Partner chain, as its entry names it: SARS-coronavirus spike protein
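Coming up is one lone chain in structure tokens, specifically the form deposited without its partner chain.
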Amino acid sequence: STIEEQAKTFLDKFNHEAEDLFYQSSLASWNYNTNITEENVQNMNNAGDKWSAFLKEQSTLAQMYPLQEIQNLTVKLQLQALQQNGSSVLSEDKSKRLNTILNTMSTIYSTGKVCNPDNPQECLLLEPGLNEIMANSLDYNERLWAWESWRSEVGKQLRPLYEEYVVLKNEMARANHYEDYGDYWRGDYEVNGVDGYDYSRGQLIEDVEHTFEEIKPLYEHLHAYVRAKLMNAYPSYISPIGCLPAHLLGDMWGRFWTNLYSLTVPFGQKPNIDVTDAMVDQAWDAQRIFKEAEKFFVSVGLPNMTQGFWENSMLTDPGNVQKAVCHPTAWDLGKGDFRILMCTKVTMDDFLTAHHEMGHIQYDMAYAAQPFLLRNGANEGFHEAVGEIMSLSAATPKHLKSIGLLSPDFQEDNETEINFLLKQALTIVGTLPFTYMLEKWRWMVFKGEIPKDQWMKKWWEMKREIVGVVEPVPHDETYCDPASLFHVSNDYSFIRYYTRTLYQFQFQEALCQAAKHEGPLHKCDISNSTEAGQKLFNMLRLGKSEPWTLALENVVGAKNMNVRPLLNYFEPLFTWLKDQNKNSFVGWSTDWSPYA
């Protein structure tokens, strides 16, 4: 009879096959990633192409059911998911070409290596080769060699391709009536038609910039402090009023400044909270690390891990008899099947990473209660923020002492409080200007506010002005230094790292109140608050069934992202940096460079 009848018929049939095809695909993908063979590549390709085929066909047939005529909102939301997605209006000739550019760019990223000017035929890759240098090297010219070689040998091969990427990507974005592809990406945060919870694409830029401006005072003092310290470790090479050289920031691009901790540590004479040696003295293994994460989630009232998680998961590296992809990854295969893949080492880092990865499992498990197409995080920043807050509580001295990785007589003091906040800021606050700047550059290129003959000109201006970070060597339009980062060459949004950063502190403040924490926020462990897990579960559970603005509001009592919680976390450090930097220069010449 009715059209909303035919729609439910249509969905019930799509969901049945999709639940099966999605699993046959995620299962093959898991096999490959755990055991890299030609046959597993083949199954994964074959199973990839069936789902894609299915989801294309279905998406088209979904248009027969226009949302206006659909009164049921669950059914509407599902039909919308399907109608929107599974759609490439880009012609099959060009799609083919773009699919190649993506592959070539991805290959060049993993494959490319810099063979040493000196060396006959010793060739470093980015991983682990150049990355070992760019983290651990304390030699200016060695870091500068790796930094430049990478950009001038690999980046210059990406420039031809990334120019063509922008053309085909912008065609694709405009065939869907989006202004440009940056606009499409901003569409992940778009709520339209939910009275009271709506959010537009241009609003994202507005809040990212407004929030960023409130963060500038803190990064300015972080930058001033770090620079004053890098003058001691690299005397002669850094101006006291200039940008930080790009090759001195503790990794290949300066995304994180984490590796500068040893150079910039406020009070080195104090103990380092690191518990890797207690983990080893107590003979912890991967099982233990993951059984301790499981206990953390049970303490807030979330479920245990499934039987199948312990049977099907790979929690350690399987040796030389088997080739696994050792990037920590949480999996939601479907049909009640959840697995983590991780080459766990008996380390504090992996301990905390385990909590991050199992947090995604709890998220995926929660929203299994949702219909298939609504089984996703509320926005590209939610899953990462869910990960990060688990790690925030587990890293605290309170929790480590509770699990016995820290002696009951550890002396957490003001200095101990400041060292922690500094190391945290070097990782969290340090990536905020780098993340904002990078996506800004990309937004602008996609928009057309940047001509190809100024791409690198604008990149380094923008780096200097926003990030306070100058190239050590002049780079022409033969370079594509943006694409020298994984996500740029591999076609992925980067604003998710900015949004997830505010979200995560917004979530922690709310869960720490729900848990009724006394002191400063950085010393908060939601470990035994069922009220904290209750509040959290009610958002996890929604998946993508509600607007991200209501999802967020459930947890935090506000409908947009907000920087007060993040700034309240680093307040003690912020007031410490200001007292420290009072005989140093705060601010940067955007013109001083090391090649001046």
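In this text, rigid core is short for the largest set of C-alphas that superpose within 1.5 Å between two forms. Positions refer to the first chain, counted from 1.
- As recorded in the PDB entry, 148-156 is the stretch of 375-383 and 148-156 with the greater mean C-alpha temperature factor.
- Comparing the deposited coordinates for 63-71 and 554-562, the stretch with the larger average C-alpha B-factor is 63-71.
- For the set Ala368, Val89, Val298, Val469, the PDB entry puts the maximum C-alpha B factor at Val89.
- In this entry, the residue among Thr37, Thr549, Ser545, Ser529 with the greatest C-alpha B factor is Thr37.
- When the modelled residues of the chain are ordered by C-alpha B-factor, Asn15 sits in the lowest third.
- Per the PDB record, residue ranking by Cα B-factor puts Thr104 in the middle third of the chain.
- For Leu138, the recorded CA temperature factor ranks within the highest third of the chain's modelled residues.
- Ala28 sits in the middle third of its chain by CA B factor, as recorded in the PDB entry.
- For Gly202, the recorded CA temperature factor ranks within the lowest third of the chain's modelled residues.
The form deposited with its partner chain bound exists for this protein as well; it is not shown, and the discussion that follows is about that form.
- Interface residue among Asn312, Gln424, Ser152, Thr347, judged by heavy atoms within 4.5 Å of its partner chain in the bound PDB entry: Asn312.
- Residue in contact with its partner chain in the bound PDB entry (any heavy atom within 4.5 Å), chosen from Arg464, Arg339, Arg159, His475: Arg339.
- Figure note: of the listed segments 388-396, 431-439, 283-291, 328-336, the one touching its partner chain in the bound PDB entry, with heavy atoms no more than 4.5 Å away, is 328-336.
- Looking at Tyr569, you'd find every heavy atom of it more than 4.5 angstroms from its partner chain in the bound PDB entry.
- A residue is said to contact a partner when one of its heavy atoms sits within 4.5 Å of a partner heavy atom; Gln307 meets this definition for its partner chain in the bound PDB entry.
- Taking the partner from elsewhere, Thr9 is found to have a heavy atom lying within 4.5 Å of its partner chain in the bound PDB entry.
- A residue is said to contact a partner when one of its heavy atoms sits within 4.5 Å of a partner heavy atom; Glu19 meets this definition for its partner chain in the bound PDB entry.
- The comparison between the shown form and the other one, aligned on the rigid core, picks out a single residue among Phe267, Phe256, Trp310, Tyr140 whose CA moves by 2 Å or more, and that residue is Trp310.
- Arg288: CA moves 2 Å or more between the shown form and the other one after rigid-core fitting.
- Positional change of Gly319 between the shown form and the other one reaches 2 Å or more at the C-alpha, relative to the superposed core.
- Superposition of the core reveals a Cα shift of less than 2 Å for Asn560 between the shown form and the other one.
- Distance between the C-alpha atoms of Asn72 and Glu190: shorter by at least 3 Å in the bound PDB entry than in the displayed form.
- The pair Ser87 and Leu542 is at least 3 angstroms farther apart at the CA level in the bound PDB entry than in the present model.
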